[PDB]
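Q: If you scroll down you'll find the structure; I have some questions about it.
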Amino acid sequence: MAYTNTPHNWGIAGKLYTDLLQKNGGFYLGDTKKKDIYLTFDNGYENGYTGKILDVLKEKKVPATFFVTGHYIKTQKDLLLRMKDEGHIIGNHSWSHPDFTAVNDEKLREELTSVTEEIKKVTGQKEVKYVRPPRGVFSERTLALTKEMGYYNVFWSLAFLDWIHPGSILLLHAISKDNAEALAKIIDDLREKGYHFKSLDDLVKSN
Ligand SMILES: C[As](C)(=O)[O-]
Ligand SMILES: [Zn+2]
Ligand SMILES: [Zn+2]
Ligand SMILES: [Zn+2]
Ligand SMILES: [Zn+2]
């Protein structure tokens, strides 16, 4: 059994992707029979608004996972500490943000392990369970290697960057001055429709 190395770009999700994720420790949705939803952010760059996002999440008591890179950890230690201190989960977005399908196995292991160890040493978060691949690029091989190292492969069902359903995993952004306002409105609006904002730990328990 040679794992396939053909690259795929995540988007939404079809039989191929569905079963690739299912067999290799991946998910992109939670339970679709409950109105629980899951906010996530990717943090490979700091645009200057993450503190304002964090302020909104604290005000609204909404948990999120922030998938961080090594560049982000080294350059934004104070924001990282806010993430841990204010009840969020810090996820793994790789050290240098390469496409996982373009690197050798030794390099992929270093790219994940370096971030995991840095998150644990810098913030004291106990476990780093969640990986989101750079650019949502994956193969059968990269999914399987990531799972073997003890991580879930966490994709998304809705992304919004200015150019909802039960179980949605949202990938939102902190790119401009107005994003914090939009987030606050979205949280309020979705709660009025009966949605509950939960953590990726809750997702796993939702079974
Ligand atoms: C899926 As991305 C553009 O946050 O690496
Ligand atoms: Zn609920
Ligand atoms: Zn850097
Ligand atoms: Zn990224
Ligand atoms: Zn994005």
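Convention: chains lettered A, B, ... in structure tokens order; per-chain residue numbering from 1; ligands numbered from 1 as shown.
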What are the DSSP alpha helix (DSSP H) residues of region 88-162 of chain A, as a ChimeraX atom specification?
A: /A:105-123,140-148
Q: Store the residues picked out above, limited to C-alpha atoms, as a compact mmCIF listing (two decimals), in the first residue's frame.
A:
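Saved as selection_24.txt:
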# COMPACT_ATOMS: atom_id res chain seq x y z
CA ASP A 105 8.51 13.08 5.47
CA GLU A 106 11.35 14.19 7.78
CA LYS A 107 10.54 17.83 6.92
CA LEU A 108 6.81 17.39 7.47
CA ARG A 109 7.46 15.84 10.89
CA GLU A 110 9.74 18.80 11.81
CA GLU A 111 7.20 21.31 10.48
CA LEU A 112 4.49 19.89 12.83
CA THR A 113 6.61 18.93 15.84
CA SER A 114 8.38 22.30 16.02
CA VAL A 115 5.07 24.18 16.33
CA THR A 116 3.63 21.70 18.83
CA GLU A 117 6.65 21.95 21.08
CA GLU A 118 6.72 25.77 20.76
CA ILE A 119 3.00 26.09 21.61
CA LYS A 120 3.49 23.88 24.72
CA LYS A 121 6.70 25.63 25.90
CA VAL A 122 5.51 29.21 25.21
CA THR A 123 1.92 29.00 26.46
CA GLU A 140 -3.63 10.76 1.18
CA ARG A 141 -0.01 10.59 2.35
CA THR A 142 0.00 13.91 4.24
CA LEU A 143 -3.34 13.14 5.94
CA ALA A 144 -2.13 9.73 7.02
CA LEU A 145 1.29 11.02 8.26
CA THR A 146 -0.43 13.77 10.24
CA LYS A 147 -2.81 11.27 11.92
CA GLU A 148 0.07 8.89 12.63
Q: Do you know which residues are within 12 Å of ligand 5 using only C-alpha atoms and all ligand atoms? Can you write them as a count of residues only?
A: 27
Q: For a quick check of understanding, using only C-alpha atoms and all ligand atoms, which of A:99, A:31, A:85, A:78 has the smallest distance to ligand 4?
A: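 For ligand 4, the nearest of the candidates is A:99.
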Q: Could you state the separation of CA of residue 21 (chain A) and CA of residue 153 (chain A) in Å, given to one decimal place?
A: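 CA of residue 153 (chain A) lies 7.7 Å from CA of residue 21 (chain A).
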Q: Using only C-alpha atoms and all ligand atoms, which residues have at least one atom no more than 8 Å from ligand 3? Output them as a list in words.
A: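 Those within range of ligand 3 are residues 70, 71, 72, 74, 75 and 96 of chain A.
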Q: What would the file look like if the residues just selected were written as a PDB file, in the first residue's frame with C-alpha atoms?
A:
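Produced file part-v3.pdb, reproduced below:
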ATOM      1  CA  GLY A  70       6.077  29.402  13.683  1.00  0.00           C
ATOM      2  CA  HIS A  71       6.473  32.930  12.287  1.00  0.00           C
ATOM      3  CA  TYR A  72       3.352  33.938  14.129  1.00  0.00           C
ATOM      4  CA  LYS A  74       7.948  33.983  17.279  1.00  0.00           C
ATOM      5  CA  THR A  75       6.620  37.445  16.357  1.00  0.00           C
ATOM      6  CA  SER A  96       7.049  27.722   7.808  1.00  0.00           C
TER       7      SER A  96
END
Q: Using only C-alpha atoms, find the one residue out of A:88, A:196, A:52, A:126 that sits nearest to residue 176 (chain A).
A: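 For residue 176 (chain A), the nearest of the given residues is A:52.
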Q: Chain A near ligand 2 within 8 Å: what's each residue's closest atom pair and its distance in Å to one decimal, counting only C-alpha atoms and all ligand atoms, ordered by chain then ascending residue number, as a Markdown table?
A:
| residue | atom | partner | partner_atom_place_in_ligand_line | distance |
| --- | --- | --- | --- | --- |
| A:34 | CA | ligand 2 | 1 (Zn) | 6.2 |
| A:35 | CA | ligand 2 | 1 (Zn) | 5.5 |
| A:36 | CA | ligand 2 | 1 (Zn) | 4.6 |
| A:195 | CA | ligand 2 | 1 (Zn) | 6.9 |
| A:196 | CA | ligand 2 | 1 (Zn) | 4.9 |
| A:197 | CA | ligand 2 | 1 (Zn) | 7.5 |
| A:198 | CA | ligand 2 | 1 (Zn) | 7.5 |
Q: Name all residues at most 12 Å from region 14-16 of chain A (count only C-alpha atoms; drop same-chain ones fewer than 4 positions away) and give them as a list in words.
A: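 So, after excluding close chain neighbours, the residues are residues 8, 10, 20, 21, 22, 23, 28, 139 and 140 of chain A.
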Q: Please identify which residues in region 38-69 of chain A DSSP calls strand (DSSP E or B) from the backbone, and express them as a PyMOL selection string.
A: chain A and resi 38-43+64-68
Q: Create the file for the chosen residues now, containing C-alpha atoms and written as a PDB file, in the first residue's frame.
A:
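That gives us out_32.pdb:
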ATOM      1  CA  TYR A  38     -17.212  26.008  15.475  1.00  0.00           C
ATOM      2  CA  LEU A  39     -15.281  29.219  14.921  1.00  0.00           C
ATOM      3  CA  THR A  40     -11.667  28.996  13.741  1.00  0.00           C
ATOM      4  CA  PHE A  41      -8.979  31.387  12.491  1.00  0.00           C
ATOM      5  CA  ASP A  42      -5.645  30.819  10.735  1.00  0.00           C
ATOM      6  CA  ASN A  43      -2.732  32.901  11.964  1.00  0.00           C
ATOM      7  CA  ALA A  64     -12.304  29.601  18.927  1.00  0.00           C
ATOM      8  CA  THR A  65      -9.305  27.669  17.657  1.00  0.00           C
ATOM      9  CA  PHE A  66      -6.405  29.755  16.258  1.00  0.00           C
ATOM     10  CA  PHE A  67      -4.184  27.706  13.927  1.00  0.00           C
ATOM     11  CA  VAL A  68      -0.755  29.338  14.295  1.00  0.00           C
TER      12      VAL A  68
END
